[PDB]
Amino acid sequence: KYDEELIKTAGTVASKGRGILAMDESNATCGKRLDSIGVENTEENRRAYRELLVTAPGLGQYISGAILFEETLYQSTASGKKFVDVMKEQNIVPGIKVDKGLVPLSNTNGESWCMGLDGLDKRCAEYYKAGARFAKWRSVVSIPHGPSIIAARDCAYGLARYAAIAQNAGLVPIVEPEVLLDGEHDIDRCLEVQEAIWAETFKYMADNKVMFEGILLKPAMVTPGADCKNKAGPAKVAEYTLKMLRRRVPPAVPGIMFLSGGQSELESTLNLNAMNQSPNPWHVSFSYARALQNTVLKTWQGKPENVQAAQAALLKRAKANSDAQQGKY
């Protein structure tokens, strides 16, 4: 039923030279991010900071969509313009986070699972009425923990169950099984684990009859572990990540937007840039949170007189990644 709509949303978000701005922090997380610049965590300050982001001048050139938190999806500018309505003209599609976060998985050794399927069909339905057109759900696997068979299983199984519920409510599911950076593992181990979790996630989605034309992928890049002494330059990170994707994603999938996951901003930019010297079977873009935002918070410093310079910092980094999306950096 939503088939035409889902394919349309996915194509808009998977546009050339455009990526996603992730802004779906919890009220508490946005609070910890606001006190880094000494700003009190009120609903007005969160609303003001979110308005600052969505009204940045030329965002729509480099940002095709924005992942909002539930509170922000209903908020408006001080002018009175609904936030989703401001995004619509910069041709930025409104998305929202729908998972309920990570919880200890029983009978593992410190591994996590992502909850949120209870009531998810109703919640996604209301988010669709409110203007949201794609969803986001993040689950993780830990190489230092294996991952175990059952932890990798629930990450992939939960995602495929979520992808079907999201599409049936009119929301393009973003499928994020994040292979975490934790550990000393080399790039070959992360390639192995990425190939396994994607093969497993895609198998369950096929089982659930998810329409691949109407989904987007948010993977981590194939990189060595955070504590691995053997590092990897942008050329290697590009070669290892592209072969992984070519081995696991069918061409029916329109877009693939990487997470930063603890890289630089420049590393996140060079690595993406090194992947777009050639054509790709799908749109290989970006979907960053801190990588696009940390420049803005410390430039803004809560002072309304620094708003324009902060919104300018947002565009400098959003354009730098759009330059990378086309290899023009």
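One-based numbering along the sequence shown.
Would you tell me which stretch averages the higher CA B-factor in the PDB entry, 110-118 or 249-257? The entry gives the higher C-alpha B-factor average to 249-257.
Determine, for stretches 154-162 and 181-189, which one has the higher mean CA B-factor as deposited. Taking the mean C-alpha B-factor of 154-162 and of 181-189, the larger value falls to 181-189.
Top Cα B factor in the deposited entry, candidates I67, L53, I37, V284: By C-alpha B-factor in the record, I37 ranks first.
Can you tell me which third, lowest, middle or highest, the CA B-factor of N91 falls into for its chain? CA B-factor rank for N91: highest third.
Looking at the C-alpha B-factor of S76, is it in the lowest, middle or highest third of its chain? Highest third, going by the recorded CA B-factors of the chain.
Sorting the chain's CA B-factors, does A232 end up in the lowest, middle or highest third? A232: CA B-factor falls in the middle third of its chain.
How does the C-alpha B factor of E200 compare with the rest of the chain: lowest, middle or highest third? Lowest third, going by the recorded CA B-factors of the chain.
Just say lowest, middle or highest third for the CA B-factor of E126 relative to the other modelled residues in its chain. Middle third.
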